[PDB]
Amino acid sequence: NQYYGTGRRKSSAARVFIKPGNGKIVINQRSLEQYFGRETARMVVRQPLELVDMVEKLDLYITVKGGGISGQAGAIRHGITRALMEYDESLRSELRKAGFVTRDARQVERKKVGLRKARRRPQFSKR
Amino acid sequence: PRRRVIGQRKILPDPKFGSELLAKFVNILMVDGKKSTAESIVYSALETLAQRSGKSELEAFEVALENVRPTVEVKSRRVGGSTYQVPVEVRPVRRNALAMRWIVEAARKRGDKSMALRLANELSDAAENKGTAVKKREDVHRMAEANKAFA
Amino acid sequence: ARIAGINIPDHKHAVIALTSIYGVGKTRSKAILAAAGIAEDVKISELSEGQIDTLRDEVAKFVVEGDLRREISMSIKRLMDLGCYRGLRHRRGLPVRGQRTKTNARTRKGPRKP
Amino acid sequence: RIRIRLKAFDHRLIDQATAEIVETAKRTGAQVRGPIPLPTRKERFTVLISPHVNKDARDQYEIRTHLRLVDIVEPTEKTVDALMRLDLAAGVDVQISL
Amino acid sequence: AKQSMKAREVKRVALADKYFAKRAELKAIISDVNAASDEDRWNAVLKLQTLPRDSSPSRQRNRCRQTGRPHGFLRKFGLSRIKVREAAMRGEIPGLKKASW
Amino acid sequence: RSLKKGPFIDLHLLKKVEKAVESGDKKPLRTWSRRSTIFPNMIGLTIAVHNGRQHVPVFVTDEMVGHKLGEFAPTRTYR
Amino acid sequence: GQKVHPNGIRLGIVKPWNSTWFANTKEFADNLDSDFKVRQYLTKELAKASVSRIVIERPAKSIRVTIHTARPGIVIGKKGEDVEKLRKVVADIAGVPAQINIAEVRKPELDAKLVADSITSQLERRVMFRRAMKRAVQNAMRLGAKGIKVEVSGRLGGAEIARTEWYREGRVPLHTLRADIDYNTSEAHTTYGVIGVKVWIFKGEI
RNA sequence: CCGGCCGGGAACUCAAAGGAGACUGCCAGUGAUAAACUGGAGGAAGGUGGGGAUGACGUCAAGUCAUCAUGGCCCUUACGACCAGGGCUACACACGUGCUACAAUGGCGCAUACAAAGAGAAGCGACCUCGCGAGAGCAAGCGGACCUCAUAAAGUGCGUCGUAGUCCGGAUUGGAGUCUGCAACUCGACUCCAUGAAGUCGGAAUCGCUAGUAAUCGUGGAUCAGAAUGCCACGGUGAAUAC
RNA sequence: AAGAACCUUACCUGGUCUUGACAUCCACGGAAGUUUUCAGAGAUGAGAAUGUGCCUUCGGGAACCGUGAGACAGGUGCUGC
């Protein structure tokens, strides 16, 4: 039966679907490789799939919008570990031990009045 | 800080091969938040290092790191009005993070063609310890061993 | 390799070579080679000597390198003879297009000497 | 057929402005979709605070304009006069499409 | 603020409604690309000076409706930056409260 | 560097230029329009343009045509 | 001056708005100036009628003024004629349909505008300021208030230098946001200058 | 016609409402059996979770009488009122706050991926056609989760540049223009063509920041006919270090 | 100053005006307004045209405009000690 886990990260929002089958990954009807897997941090989406067995065990249908390049990549990694609900008490002990289900909020701070961007005070001069 | 004794951040390891150590070496070399352009320096400086050494991937970088790695460093502890340089042993966390910084200072100077070629020549000149980054380390050890009378 | 009054670089691509001529930059030099028929990835020394004079009657279409200078010097000496606003700014060594003169305008004024 | 969209500055006053138009329409007539929440157009006004210098200190305000839909589907003749002269909940401006 | 300046503005409001938005088509119809670009168009830049120096909506300074403060204006309220603050704190503008997001 | 269609003049300058040509060049003109160009019929006239506290007389030459009247009157006196 | 206005911070939480109507951004300035004309006029005429707040709600291209006054026997007058004689001149400056609606307050020493006008009127006619200051404290504390702070500022006695003197009883917490504080401010144009009375009334906890 | 494009779907993202959640609550140790502290568990979140709003009595006879209101003084054929041109944009100079740089983790060219937040009716202005371009003509749609502004840029792929004041820099300037407006000379922004300045990391000194921060990258808004590198907001990438 | 080409604008030079650009009261005229000419840099100075209504005490209304008379308006003038 097809399972689901959402995941979101820093103004991005993934929705991870998952089926038992071959080890392919479809993201927004692109390949995992040609969407950003040819780019840096290609395997933060494969980080939960390294620690518990991926090899050719289950495929991953993904669509994701919002955020940026590394913003969507963190949204998938949080979406897979919530999609990993099949073996939850066999998975989410050591999967929690490596992190991976902490949503890790840390939004951008709003720009403050008087400040140049949210911390940067403009150039104090004594005299 | 004043009140805190707080810890440090769990950095993410290197993607291409497992190394949390040179995942820090990317971030030291990284300027202006461009990490992807900093990594393509780091990899292309390693295979040209692996070309002329033969040591495979990070065992070449490990030899060149321990020859710039310092043991004793000086910091000015003021005692009763006076102000003089006091040698102290570097903590083992700082010990190689200070070593990875001095390569990047030696590799941003000595401008030949490109940063991947620049940083590969400083890793090579540190392996047989004749470069700028080992010139930095010896002078730090020159600050100790003459001013080692204070401890 | 010696189209008009100067143009002598070497080991340099043909469009970047033509910028040496006073009166042609990057848009005109891409049109000098588009009308003559020279691909812009070749150098001057690789460019054949029978194709160089194809550039010479192509740079004959712009006002270049000797005529542009005394068409510019003619208009500046014209304005200084009308006694206009702009003519008085050229006569005093002050910015003309309407820039700040209180603090900046040190390109026009020269070195900050006193 | 009946597109009721209505907007106001207050969320707890636009709630029963929408709940009662459901109670008026769905009871004596039929077939209403429901309150569709339609994201708020927050409009911020950053103004200075002093009658002179101190650019730095400011007060930042906003108006929040909440929106709703109703979407009554069929032209029910018990409902076509349920909107006429039964338009309570002042402070709310309502717009209709036919 | 200088009761002349408050009455100098309400002249420019009414006298712009008198001439332009009816005789602002004297530039739109006639300073326009057609076959009448020589004789009629030169009569459009002729008669647009026959109108007074005012009535052009570029002379609206758009002042505060209570004090006539020319600066700090807000188009949403019609007030300066001070009288929008004193009225919002009193509860005069519906919906306008302090924002902290 | 402006104004695609219609070189600009004020009417009180234009309708006074037409009077100064056909009656003949007699005396300088008191004008307040610095915003007006110099139409080609103005060559030979002696118009005095109000710089702000004077009216400096400027005898129109043949090359002062594209420019404006106030272009030939320094408004700020300096050293 | 460093404190927030106590009403404006609480407009979403406990205190309501004085004006309640929706208007889009085309007419919102014109619909706000008309609100100001019906307010400075209606405070000028009802100066002796002890008005605390007026509520301007505007449904369906029509005005509905709501006058909260301590003495509504002046506002209705005989037969309700002064109700009508106000309603005529509101429709000149608001938009032609109109209603006014009196709403009495039966404890006039708990509205902050009425307590401020009680001190303002006495400072006009040369009463001693500390007597007027403290008599509005004592009359309000016995009548059921859980706190009152009053504060006068200005010349206050024909002094050369201006000084502020304030007197409080009870518990008046101003940083608590559920705290219902009645705050309003009047000024007293004496012949030595302007004296500014302002008065907080802590009415209840939530 | 693979465009959620359409039938249909209400699961999911989302959108606003209504609730749950975090309290040193559990556990361990130290502690005067107290307050609390250190460590762990569970948990999306751990001890005021992050950020903001919120500014005590008072200090400086701090700032503002040029937003407004105001005691006194003074003008009241004038210190008031109207108009056209001018000035606030002057420039031997000195300082502050900024943006752009001095390049190769870069410039240019071609191709290509991923945003959030705002605004719109004398307004925002698709498609089409013209112009190298700023723009124009035409004419739909939208007072809007739908229509427009609006292609995000850094990134990545590919090619070249070869460390030179250079294909760095984009100052100054000449010519030709566009748009707004009655009007663009004083004194607007922008586009095209040409020009090709100083600058090769900056003396004594000195400032900001401990996390989605610094840094860098672009986007939107207010004021506004036009006129920002300023201000105020938004998301992209993303550190180093605290003994 | 969340935005100086004109306006803004308070400043300067010159051209004009005095119960006044804005307010109230009184007495007289005139329905308000709409069409253009001429002179002037414009403000203004005359025109030539056109319109003449809603309520009847019918010596008048109200709205608006013009004029004269004085109360006075007006002041981004001064003092934030």
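Shielding of peptide D:40-50 by partners, expressed as the average count of other chain Cβ atoms within 10 Å per residue Cβ, is 4.
Please work out whether segment G:1-100 counts as rounded, prolate or oblate from its C-alpha gyration tensor, where a ≥ b ≥ c are the square roots of the eigenvalues and a/c under 1.5 means rounded, while otherwise a/b larger than b/c means prolate and anything else oblate? Here segment G:1-100 falls in the oblate category. Computed about the Cα centre, the dipole magnitude for chain A is approximately 1660 debye when only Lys and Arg (+1) and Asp and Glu (-1) carry charge, each at its Cβ. Given a Förster distance of 30 angstrom, what is the FRET efficiency for D:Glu23 paired with G:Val14, based on the Cβ-Cβ distance and rounded to 0.05? E between D:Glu23 and G:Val14, to the nearest 0.05, is 0.55.
Under a straight-distance cross-link criterion of Cα-Cα below 17 Å, which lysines are reachable from B:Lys109, leaving out those fewer than 8 residues away in the same chain? List returned: B:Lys130, B:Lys135, B:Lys136. Structural descriptor for chain F: relative contact order 27 percent, calculated from alpha carbon pairs under 8 angstrom and at least 6 residues apart.
For A:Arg121 and A:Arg96 in the same chain, what is the full-extension length gain: residue separation times 0.36 nm, less their Cα-Cα distance, in nm? Difference between extended and current length: 5.1 nm.
Based on the alpha-carbon gyration tensor of chain F and its eigenvalue square roots a ≥ b ≥ c, which shape applies: rounded if a/c is under 1.5, prolate if not and a/b is larger than b/c, or oblate? Here chain F falls in the oblate category. What you get for chain C, charging only the Cβ of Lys and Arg (+1) and of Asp and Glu (-1), is a dipole of about 1660 debye around the Cα centre. From the alpha carbon centroid of segment C:33-83 to that of segment G:166-189 is 82 Å. Among the trypsin sites (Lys or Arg not before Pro) in segment D:1-97, which ones are in a DSSP loop with at most 16 other Cβ atoms within 10 Å of the Cβ? Mind listing them? Hits after loop and neighbour filter: D:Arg1, D:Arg33, D:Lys55, D:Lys78, D:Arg85. For chain G, the longest principal axis of the Cα atoms and the long axis of helix G:129-141 meet at an angle of about 70 degrees. Across segment C:40-112, Cα pairs under 8 Å and at least six residues apart give a relative contact order of 13 percent. Shielding value for G:20-27 is 6, the average number of Cβ atoms from other chains within 10 Å of each residue's Cβ. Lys/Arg Cβ at +1, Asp/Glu Cβ at -1, dipole of chain E taken about the Cα centre: which of E:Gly91, E:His71, E:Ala1 is farthest positive-ward? About the Cα centre, the residue reaching furthest to the positive side is E:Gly91.
Near the amide H of A:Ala13, within less than 5 Å, lie the amide hydrogens of A:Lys65, all on another chain or at least 5 residues away, with H placed in the peptide plane. Label positions at B:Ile28 and C:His90, each projected 7 Å from the Cα along the C-beta direction, are separated by 6.0 nm. For E:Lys11, a cut-off of 14 angstrom between C-alpha atoms picks up these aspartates and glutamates, skipping any fewer than 8 places away in its own chain: E:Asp54. Projecting the Cα atoms of G:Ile93, G:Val65, G:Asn31 onto the charge dipole of segment G:16-106 (Cβ charges, centred on the Cα centre) puts G:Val65 farthest toward the positive pole. Of the trypsin sites (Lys or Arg not before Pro) in segment B:1-50, the ones in a loop by DSSP (not H, G, I, E or B) with at most 12 other beta carbons within 10 Å are B:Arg2, B:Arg3, B:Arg4, B:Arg9, B:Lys10, B:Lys34. Of all GluC sites (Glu not before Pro) in segment C:6-114, which ones are in loop regions per DSSP and have a Cβ with at most 16 other Cβ atoms within 10 Å? Loop-located and lightly packed - C:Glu40, C:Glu46.
Per-residue Karplus couplings for segment D:82-98, computed as 6.51 cos²θ - 1.76 cosθ + 1.60 with θ equal to phi - 60°, are listed in order as 6, 8, 6, 6, 10, 9, 7, 6, 4, x, 10, 10, 10, 10, 10, 10, 8 Hz, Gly and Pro entered as x.
Electrostatic tally near B:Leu49: other residues with Cβ closer than 13 Å to its Cβ, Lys and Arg +1, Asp and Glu -1, net -4.
Modelled label positions at C:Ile8 and G:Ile161, each set 7 Å beyond Cα in the direction of Cβ, lie 8.7 nm from each other.
Mind jotting down the distance between the C-alpha centroids of segment D:29-98 and segment B:84-151, whole Å? Centre-to-centre (Cα) distance: 66 Å.
Straight-line cross-link partners of C:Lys43 among the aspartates and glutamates, defined as a Cα under 12 Å from its Cα and at least 8 positions apart when in the same chain: C:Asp10. Oblate is the label for the protein assembly as shown, because a/c, from the alpha-carbon gyration tensor with a ≥ b ≥ c as root eigenvalues, is 1.5 or above and a/b does not exceed b/c. Given the pairs E:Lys18/G:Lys88; C:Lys26/C:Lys109; E:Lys22/F:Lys5; E:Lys98/G:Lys15; E:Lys6/G:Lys3, which span a C-alpha to C-alpha distance of over 25 angstrom in this model? From the list (E:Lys18/G:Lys88; C:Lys26/C:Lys109; E:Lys22/F:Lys5; E:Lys98/G:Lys15; E:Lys6/G:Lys3), the Cα-Cα distance tops 25 Å for E:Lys18/G:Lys88; C:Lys26/C:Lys109; E:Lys6/G:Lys3.
Under the definition of Cα pairs under 8 Å and six or more residues apart, what whole-number percent is the relative contact order of chain D? Relative contact order comes out at 49 percent. Ranking F:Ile38, F:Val17, F:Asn51 by Cα position along the charge dipole of chain F, where only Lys, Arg, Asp and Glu carry charges on their C-beta atoms, puts F:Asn51 farthest toward the positive end.
Number of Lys pairs in segment G:107-206 with C-alpha atoms less than 13 angstrom apart, excluding same-chain neighbours closer than eight positions? Here the count comes out as 6. Put simply, the amide H of D:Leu69, placed in the peptide plane, has neighbours under 5 Å in D:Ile36, leaving out anything fewer than 5 places away on its chain. At a Förster radius of 30 Å, what calculated FRET efficiency corresponds to the Cβ-Cβ distance of G:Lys134 and E:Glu9, to the nearest 0.05? Here the calculated transfer efficiency is 0.05.
Residue by residue, segment D:62-72 carries 3J(HN,Hα) couplings of 7, 10, 10, 10, 7, 10, 9, 10, 10, 6, 6 Hz when phi is fed to the Karplus relation 6.51 cos²θ - 1.76 cosθ + 1.60 (θ = phi - 60°); x denotes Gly or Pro. Of the complete DSSP H runs in chain B, those spanning 20 angstrom or more by Cα along the long axis with a mean Kyte-Doolittle score not below 0.0 are B:36-53.
Ordering G:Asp30, G:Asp182 from the fewest to the most neighbouring beta carbons within 10 Å gives G:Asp30, G:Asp182. Cross-link pairs exceeding 24 Å between alpha carbons, from the set E:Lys97/G:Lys44; G:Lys44/G:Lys79; A:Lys97/B:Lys24: E:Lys97/G:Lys44.
Please identify the longest segment of chain B free of exposed GluC sites (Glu not before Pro), where exposed means a DSSP state other than H, G, I, E or B and no more than 14 other Cβ atoms within 10 Å. Within chain B, the longest run free of exposed GluC sites (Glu not before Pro) spans B:21-127.
Quick one: which of C:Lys77/F:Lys68; B:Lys34/B:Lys75; A:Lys65/D:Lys26 span more than 30 angstrom between C-alpha atoms? Among C:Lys77/F:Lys68; B:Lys34/B:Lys75; A:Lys65/D:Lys26, the Cα-Cα distance tops 30 Å for B:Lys34/B:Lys75; A:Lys65/D:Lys26.
Counted by neighbouring Cβ atoms within 10 Å, the residues C:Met74, G:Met133 run from fewest to most as C:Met74, G:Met133.
Excluding the sites themselves, what is the longest stretch of chain A that contains no chymotrypsin sites (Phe, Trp or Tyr not before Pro) in a DSSP loop with at most 12 other C-beta atoms within 10 Å? So the longest stretch without any such site is A:1-86. Spin-label model, E:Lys27/G:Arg71: points 7 Å from Cα along the beta carbon direction are separated by 5.9 nm. Against chain D, whose longest principal axis comes from its Cα atoms, helix D:11-28 is set at around 10 degrees. Might you report the magnitude of the Cβ-based charge dipole of chain D about its Cα centre, with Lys and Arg at +1 and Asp and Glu at -1, to the nearest 20 debye? About 260 debye. In plain terms, chain G is cut at each of the GluC sites (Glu not before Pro) found in a DSSP loop with at most 16 other Cβ atoms within 10 Å, and the longest leftover piece is G:28-159. Once the Cβ-Cβ distance of F:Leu11 and D:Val73 is raised to the sixth power relative to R0 = 56 Å, the FRET efficiency obtained is 0.25.
Averaging Cα coordinates gives a centre for segment A:41-58 and one for segment G:127-154; these two points are 73 Å apart.
Because the Cβ atoms are built from the backbone with ideal geometry, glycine has one as well, and the counts that use them run over all protein chains shown. A short reminder: the numbers here are calculations on the coordinates, not readings from a lab.
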